[PDB]
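Each remark here refers to the structure printed beneath this line.
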Amino acid sequence: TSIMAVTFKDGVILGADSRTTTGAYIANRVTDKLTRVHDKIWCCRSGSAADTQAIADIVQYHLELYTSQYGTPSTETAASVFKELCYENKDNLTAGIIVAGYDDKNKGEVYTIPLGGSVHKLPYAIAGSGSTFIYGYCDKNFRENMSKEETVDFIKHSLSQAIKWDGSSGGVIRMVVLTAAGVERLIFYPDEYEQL
Amino acid sequence: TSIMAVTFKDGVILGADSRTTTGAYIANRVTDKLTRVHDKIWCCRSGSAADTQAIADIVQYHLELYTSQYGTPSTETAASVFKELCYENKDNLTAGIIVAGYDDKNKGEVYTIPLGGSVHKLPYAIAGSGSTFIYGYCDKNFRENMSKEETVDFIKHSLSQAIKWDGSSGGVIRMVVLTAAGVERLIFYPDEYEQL
Amino acid sequence: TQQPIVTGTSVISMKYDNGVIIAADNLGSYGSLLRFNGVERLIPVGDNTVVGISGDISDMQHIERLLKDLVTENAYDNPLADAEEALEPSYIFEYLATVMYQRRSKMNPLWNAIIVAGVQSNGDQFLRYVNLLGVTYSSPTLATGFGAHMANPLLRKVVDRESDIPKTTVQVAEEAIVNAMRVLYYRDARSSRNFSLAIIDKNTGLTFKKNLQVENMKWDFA
Amino acid sequence: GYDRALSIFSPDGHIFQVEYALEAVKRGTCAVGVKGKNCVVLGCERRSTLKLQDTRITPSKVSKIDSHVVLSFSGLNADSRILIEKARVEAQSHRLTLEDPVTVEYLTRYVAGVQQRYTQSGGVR
Amino acid sequence: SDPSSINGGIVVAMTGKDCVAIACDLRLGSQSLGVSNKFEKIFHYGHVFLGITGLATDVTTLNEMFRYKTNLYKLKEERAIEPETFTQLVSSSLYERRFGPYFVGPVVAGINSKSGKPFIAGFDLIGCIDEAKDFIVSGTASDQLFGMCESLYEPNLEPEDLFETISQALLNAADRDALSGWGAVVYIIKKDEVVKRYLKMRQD
Amino acid sequence: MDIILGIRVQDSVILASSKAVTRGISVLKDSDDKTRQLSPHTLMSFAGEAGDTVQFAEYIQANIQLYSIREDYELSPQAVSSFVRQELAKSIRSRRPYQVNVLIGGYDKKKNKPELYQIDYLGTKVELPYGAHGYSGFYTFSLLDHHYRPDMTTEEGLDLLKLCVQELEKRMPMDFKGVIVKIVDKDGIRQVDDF
Amino acid sequence: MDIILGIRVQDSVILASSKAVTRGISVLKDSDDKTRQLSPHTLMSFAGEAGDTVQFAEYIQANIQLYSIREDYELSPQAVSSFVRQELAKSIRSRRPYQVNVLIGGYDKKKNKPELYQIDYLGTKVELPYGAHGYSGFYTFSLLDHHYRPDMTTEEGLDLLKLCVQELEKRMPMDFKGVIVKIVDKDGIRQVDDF
Amino acid sequence: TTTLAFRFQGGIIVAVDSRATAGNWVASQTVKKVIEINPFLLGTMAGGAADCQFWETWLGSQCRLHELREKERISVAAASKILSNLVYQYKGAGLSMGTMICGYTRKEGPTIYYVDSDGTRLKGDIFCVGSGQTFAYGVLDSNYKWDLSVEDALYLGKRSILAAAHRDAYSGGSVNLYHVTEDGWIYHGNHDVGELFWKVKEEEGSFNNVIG
Amino acid sequence: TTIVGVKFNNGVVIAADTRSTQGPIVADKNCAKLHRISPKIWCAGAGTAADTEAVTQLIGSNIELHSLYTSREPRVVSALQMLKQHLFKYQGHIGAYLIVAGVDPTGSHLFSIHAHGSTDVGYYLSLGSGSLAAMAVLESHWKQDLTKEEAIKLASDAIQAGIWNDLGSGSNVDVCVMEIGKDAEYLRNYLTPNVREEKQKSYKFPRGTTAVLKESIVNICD
Amino acid sequence: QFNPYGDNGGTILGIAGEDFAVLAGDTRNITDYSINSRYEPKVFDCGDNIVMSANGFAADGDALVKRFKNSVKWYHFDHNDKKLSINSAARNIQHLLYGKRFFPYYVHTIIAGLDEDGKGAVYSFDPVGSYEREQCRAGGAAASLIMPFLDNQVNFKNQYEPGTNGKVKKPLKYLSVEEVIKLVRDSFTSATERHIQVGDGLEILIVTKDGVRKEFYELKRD
Ligand SMILES: [Mg+2]
Ligand SMILES: [Mg+2]
Ligand SMILES: [Mg+2]
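Chains as they are written, first to last, in the deposited numbering: chain N, 1 to 196; chain b, 1 to 196; chain M, 1 to 222; chain C, 1 to 125; chain W, 1 to 204; chain J, 1 to 195; chain X, 1 to 195; chain K, 1 to 212; chain V, 1 to 222; chain L, 1 to 222.
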């Protein structure tokens with residue numbers, strides 16, 4: 001995998017490639033690594049497909065039960081539940097998850113959770129095997145309070161490069177836009193992003 | 001290490017950090033990884049300090065003996081001698097070398113030689129542990145036929161990022177300019193490059 | 001049985017005439033990747049104690065939550081929570097020390113080296129170390145990781161024994177700490193330029209300094 | 001688990017459940033033991049309101065606990081099987097650990113201890 | 001199967017006022033089994049004395065080798081080898097087997113016949129010279145010998161007093177080691193007389 | 001432990017078992033009886049891991065004696081052998097299995113027939129005219145394949161057994177210090193003192 | 001291989017060596033002579049790795065016999081023992097070392113004295129009043145520490161040796177099939193046939 | 001360690017050394033390896049010092065509880081089996097013990113049981129246990145007769161430990177002697193090998209391998 | 001071991017401690033780690049003690065022969081080249097870690113060599129188990145344009161850091177000063193801050209205390 | 001893989017007189033080649049005139065001392081303030097240690113005090129609870145250096161009466177507290193010279209019928 005999430009003026013956007021791997025064989029070239037845990041709280045999944053799926057399923061269950069009792073959970077709360085699962089089961093898990101959500105009070109927020117189960121709140125986050133190749137690019141190009149179109153271009157260009165160099169990444173670039181307006185799904189095909 | 005070499009309009013420039021490592025202890029923070037094998041043929045060294053030094057010493061001896069008999073060797077010839085040593089002793093070596101030189105016929109040329117001992121002629125090359133973090137940046141920012149000032153900025157910005165993310169890289173940024181005019185040594189300190 | 005993932009490097013500290021100083025950089029390393037740069041590794045407990053932590057960051061964040069919870073629990077049914085029955089540095093340490101040794105004894109350690117710096121209610125300086133093995137010790141100067149090898153020698157030139165503590169001012173002590181941090185940036189491959197520093201004085205109290213930078217560096221000499 | 005304290009003291013200091021258990025013994029068929037100079041004889045009554053019995057297979061009144069000790073009883077027949085079984089198991093357990101069969105005093109002390117335990121344990125009579 | 005502790009044994013050397021002493025135990029065993037109680041570990045080539053601890057086959061071999069080499073030295077040089085020179089010869093010979101070494105802990109002792117100066121020296125298995133004013137120790141009870149010597153030793157002891165000090169150093173060290181003991185020999189060395197004494201010690 | 005043999009003849013079962021108990025480079029005892037009487041007409045010999053052997057033998061002995069007292073009746077050799085097999089079959093999948101191999105020699109009084117059962121630590125049971133555990137079988141089975149007849153007397157069986165012990169004393173690497181021989185027949189269990 | 005003993009008395013050296021050759025679970029031979037005469041007044045017994053033992057013994061025998069013919073003279077026991085030690089000391093740092101332990105019993109005709117040398121495969125030589133290789137020493141050394149006197153006769157030495165064999169036959173785990181005894185004195189080497 | 005105990009005409013002799021080792025380091029020369037369970041029972045210790053020490057004093061407490069409950073001193077057989085059944089429960093866990101339970105009772109007479117940490121329990125007349133057991137066996141077996149006098153038996157036991165103390169590197173210190181009769185055990189002194197060896201050498205004429 | 005090298009105005013200075021260990025045991029309390037390759041080229045060596053001594057003697061021997069062959073004073077880069085090619089050939093199996101320094105017709109020089117065959121260059125260097133304690137001092141107090149007496153002070157201070165803070169280092173400080181135009185000046189035991197205090201008691205025994213079995217005169221003459 | 005044990009170095013020593021007993025120990029605490037503290041005491045007054053030290057892995061050492069101190073407290077609560085005799089303390093400590101037979105306290109334990117006849121007593125334990133009363137015992141890193149010296153000077157081993165042909169031994173006698181402290185100080189200075197993990201300071205606890213007294217002495221800091 002290559003995955004990322006980026007905050008901007010109107011909220012936050014999540015991004016991911018679509019490649020699933022078993023050694024050098026691509027088991028699925030149209031994977032959906034962006035997963036809904038709540039209406040406007042989503043996560044990017046990297047690491048083991050089975051581990052990250054089982055975690056996201058448990059989180060979605062927890063937040064559904066939270067909502068039934070206490071109403072809409074904060075993005076911080078969602079990240080805390082991910083952390084609790086990742087930290088307490090660190091010996092048996094291979095999961096690198098980025099949590100991203102939109103509040104109306106807090107606007108866009110991004111939390112990254114690496115292998116150990118630590119939590120880190122950031123303006124933007126990158127993760128997955130392909131992220132290594134874009135640390136330089138992303139640090140140089142990220143600005144705070146970007147527009148929607150600018151943030152889409154930032155993610156598109158970033159994941160394009162990650163895909164170009166990482167063999168474990170490829171296929172389509174999926175994105176999910178989280179704003180006050182609602183939830184928008186975007187897709188970008190090789191013929192567009194490859195020649196950027 | 002983080003190292004690179006870049007061709008441009010007037011010739012070629014080599015670049016490197018100054019960190020030497022023994023585990024997490026910095027054995028030397030002012031290392032010179034850019035090595036002269038001939039008047040206008042230089043190399044960037046990465047991997048084992050002892051292996052790369054022994055190779056560069058043998059190459060310098062070979063090219064000095066070449067010059068005595070057949071005059072100035074081509075940059076391709078210098079790369080071939082590096083390759084021959086790296087390929088035939090692949091089991092006992094840990095050396096990633098970039099070769100760069102200036103001819104008047106061929107202008108600037110860059111050859112990269114990875115672990116296996118293969119040769120690859122390129123417009124520019126990056127290598128060392130820190131190179132992983134700038135594949136994205138360098139591919140997006142490199143143009144052919146750049147000016148001297150543009151190429152210096154490209155290398156300065158690139159190695160700045162490599163240094164920022166790689167713990168095995170740091171110290172000063174050394175550069176060596178190879179043109180018809182001669183050989184120029186440049187140095188850039190943390191206080192300048194860190195805040196780029 | 002664990003292995004540390006996201007890690008923090010040296011924590012350094014020393015006693016001076018009226019109190020203690022402690023410092024640690026703001027980096028969260030991921031192996032050789034210098035991944036996170038806004039990480040605070042000094043955590044104050046009340047107005048009289050600062051706990052400095054190195055090692056695994058997920059375990060550090062767990063210890064943060066434990067200390068946060070300890071403050072809450074101490075306030076319960078305690079009218080003197082902000083006076084005579086406030087949390088002392090010695091209480092906070094012994095608690096952490098107990099936890100560390102219990103976890104090592106269950107073969108599932110918290111992968112950390114910890115320094116508790118503070119001032120007791122009677123004015124006495126408190127400075128003590130504890131790690132993943134549950135090993136504890138005290139000294140006029142204390143440091144973890146690389147700090148133990150490089151900072152301690154420098155800090156021991158200022159305070160070499162007990163009798164040197166009354167003779168050392170806060171200006172002299174902070175100068176030695178700040179110098180040691182520069183040396184660590186030169187020589188530790190997992191240090192950052194940015195760091196935090198905390199002073200706990202028996203008169204002026206807790207002073208927490210953020211976003212400090214290593215400066216006045218010598219390179220000009222290759 | 002069923003916990004009720006069934007054997008308890010009464011105001012006069014009697015444990016009625018234990019005393020009523022003695023009434024069950026009083027109802028049982030008569031048993032007698034006489035020891036001589038070189039032997040012990042155990043005699044037992046068998047009620048004759050039961051004709052058409054098969055004496056080959058009907059449980060005998062005197063039971064061997066080991067090859068050298070015997071146990072007869074008076075009272076509830078079903079209850080006696082539980083005591084006999086436990087005694088027989090302790091007999092073999094003693095031979096196993098001490099490498100010597102039980103003394104008659106020891107075997108008796110064990111059986112009596114079992115009986116006592118059922119007078120101050122919850123959920124049992 | 002640690003070559004330096006199969007057979008067992010110890011050697012110690014000390015300097016005094018115009019004299020030197022070198023002592024060793026007599027045990028040779030095969031791990032737990034004691035085999036011989038007559039196995040001496042001190043040899044001499046002219047006035048230069050060499051003690052060797054470690055694997056006994058190498059002790060024997062090296063003695064035979066240094067006898068060989070000092071005999072040729074004397075024939076060519078027309079003089080007896082001195083302790084300082086012999087020390088260098090031992091070092092060279094051991095380092096020659098750098099990547100296949102003799103498993104030994106040799107100790108040189110003697111008085112330079114020209115200057116009259118008392119001299120002692122020690123080596124690791126690979127040739128590193130360890131020179132000392134006071135004492136050199138070697139063998140399976142080296143820790144014990146280090147402790148005994150460091151506390152008991154004082155400078156400029158007379159030959160008769162030095163005998164008592166070195167003997168008590170060896171004896172009490174040997175009794176705290178399972179693989180050392182079974183008898184002991186002490187050499188007291190003056191400029192032109194050498195006295196050899198066998199010590200009475202516990203035989204367990 | 002080490003050598004345990006068994007031969008079933010016309011009217012009896014004969015068990016021979018080595019007397020040596022060796023630990024390290026020392027023979028600690030040369031008169032060890034590697035057998036337990038389970039019931040008047042049933043004998044069990046055993047060999048295997050130290051401690052395990054006697055612990056298992058005595059545990060089985062206690063259980064069969066408990067059965068005998070409860071029912072005032074002697075279990076058949078076949079029934080005892082099946083009980084022992086099941087205990088070992090349980091044991092093999094336990095946290096720490098009993099590493100014990102046994103032979104069971106018995107005289108069935110209802111059938112008036114001798115019976116010999118061979119059971120290993122896995123719980124592998126077989127009825128045999130002659131049996132052996134461990135390295136002994138590698139010599140004795142072929143020997144008995146040749147010399148054994150089904151209609152032999154107890155005396156003929158003892159001579160056939162002498163032939164086995166002689167062969168083992170000639171070709172086996174270890175000194176097993178002779179054997180204790182015991183006969184199981186209609187009249188119960190008795191020991192041959194001069195072998 | 002396995003058991004080799006040696007005793008030096010007033011006027012002779014006596015060597016006792018086990019007769020068994022065992023491979024796997026089979027004693028292949030019970031009359032094996034684990035000794036070679038190196039010279040008329042020098043005998044060498046040996047024990048260790050299969051093949052290596054005889055190959056080494058015969059190689060030494062050839063060399064000493066070659067010396068004898070060349071110089072028309074018999075090497076002293078001390079000289080032979082030193083030659084053998086050096087061969088083993090070379091061997092231990094070879095690509096494949098000789099895994100052989102030896103005892104050398106000789107009568108020095110110039111000194112009129114018996115001599116017994118014990119040498120292991122590493123090349124560790126010692127002169128002894130009595131010697132043993134392998135596990136044998138763990139019993140015999142203490143026994144001889146008690147009963148041995150330096151002024152004993154050959155007959156007294158043989159009785160002292162009977163006491164060692166008896167102890168080994170009682171406490172050793174393996175059947176070594178007795179010993180071949182040989183005496184080395186002023187009149188050369190002879191074998192005791194009834195032991 | 002070296003420890004022995006043998007049966008004879010006049011009861012039981014029990015003899016042990018007193019050395020403790022940690023590898024080649026001689027930790028102690030004055031260890032007590034015989035434990036006095038009651039006036040008629042003795043236990044010997046070989047193997048893990050703590051294992052032996054802890055579980056044999058524990059055994060003593062179990063024997064005391066037996067005579068309180070049964071109003072009769074425990075048999076040597078039953079006492080040995082308590083220990084053997086205990087160690088069998090720990091089989092595989094790594095306990096290291098070689099013990100001998102020696103004593104007299106009316107029903108048994110003089111009795112010796114060998115008990116070790118892999119669960120082996122053996123009745124016998126002669127046993128030697130420890131790293132130096134073989135050295136003790138060599139002397140003991142070659143001088144043992146049933147008809148030895150109390151004086152001679154005491155010496156043979158003492159002499160057998162001395163033999164092992166001398167040859168076995170991991171045995172030594174001193175010899176502790178005990179004699180068990182129908183009337184109970186009798187202590188026959190601590191004998192330092194430092195003096196005992198030279199005294200035996202001179203008086204007996206043995207140990208000719210050593211430089212006199 | 002702690003060893004350092006420091007460049008100054010008109011030359012270079014090297015220093016070392018004087019403790020030699022075998023495991024945690026101190027074998028020699030005053031061993032000399034400062035070696036002579038040529039009169040004005042000196043080596044400081046850490047690692048395997050026999051390897052540093054042997055490799056320094058071999059190259060020193062070959063340097064003398066080379067000097068005689070060329071009729072020239074030997075250069076530091078020649079010793080550097082020969083040591084590095086020898087050590088590389090043996091792939092680190094010869095455990096010699098050296099600081100090479102000296103003066104020659106080309107000027108004053110300071111290098112270090114690792115066991116596998118890498119050379120280094122610097123104005124200040126440190127090798128050995130106490131190198132981190134020494135380097136901390138060097139990074140704190142070094143400056144461009146040091147005088148002779150300043151460089152000696154800095155060098156010995158860096159060695160002292162190792163002596164006090166590293167368990168592998170102890171006892172005394174040896175120094176060698178190599179100045180351009182002057183003879184190299186070797187200062188054995190330049191500092192002795194670890195003198196053994198007076199013992200509480202004399203352990204001289206009464207004569208006759210040791211029991212003796214045999215006496216005999218040993219013949220050393222022909 | 002996580003290793004739950006570590007080695008904190010140092011060494012301890014106990015000697016018993018006629019009416020007194022001493023328990024000494026150095027104050028240095030280490031890991032690998034670094035010093036953690038120059039003054040970290042490891043000899044403790046546990047009440048009832050019992051002094052105790054558990055040397056080796058400090059986390060296990062502190063845990064054991066902590067548990068035994070607690071055992072003394074509860075012994076008073078459960079048995080009417082009865083004084084815990086040294087022999088009873090010893091047996092109690094055996095059970096503390098053996099209780100962790102299959103995950104041991106990695107320490108060497110020595111206790112000192114007076115027996116019930118008023119005479120000096122020293123008991124020593126192995127890591128799993130094997131114990132023995134002695135006149136004399138050294139424990140820890142330098143035990144192998146000190147113990148043979150104690151055999152010679154306290155128990156007069158290998159010392160015979162002069163002129164008696166090695167037939168009469170030097171008679172055993174009790175030593176005065178002045179004589180014992182001389183042996184302790186010499187033992188620790190000797191150990192400091194030849195063992196890297198031993199130094200900094202020496203703390204002696206002396207036990208008489210009047211109570212527990214302390215004495216401190218400087219040791220070499222290299
Ligand atoms: Mg791709
Ligand atoms: Mg011994
Ligand atoms: Mg130090």
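Beta carbons: idealized from backbone N, C-alpha and C, even for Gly.
Proximity test, residue i beta-carbon vs ligand 1 heavy atom, cut-off 7 Å
i	result
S169 of chain N	yes
Segment limits, alpha helix (DSSP H) that includes residue i
i	result
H141 of chain V	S131 to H141
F154 of chain N	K148 to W165
Outcome for residue i when other beta-carbon atoms lying within 10 angstroms are tallied against a minimum of 16
i	result
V172 of chain M	exposed
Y105 of chain L	buried
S61 of chain K	exposed
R41 of chain M	buried
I74 of chain K	buried
N- and C-terminal bounds of the beta strand (DSSP E) containing residue i
i	result
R70 of chain X	No beta strand (DSSP E) holds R70 of chain X; the alpha helix (DSSP H) holding it covers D52 to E71.
*Collect the residues with a C-beta less than 6 Å away from any heavy atom of ligand 3 and give them in sequence order along the chain.*
V:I163, V:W164, V:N165, V:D166, V:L167, V:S169, V:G170 and L:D222
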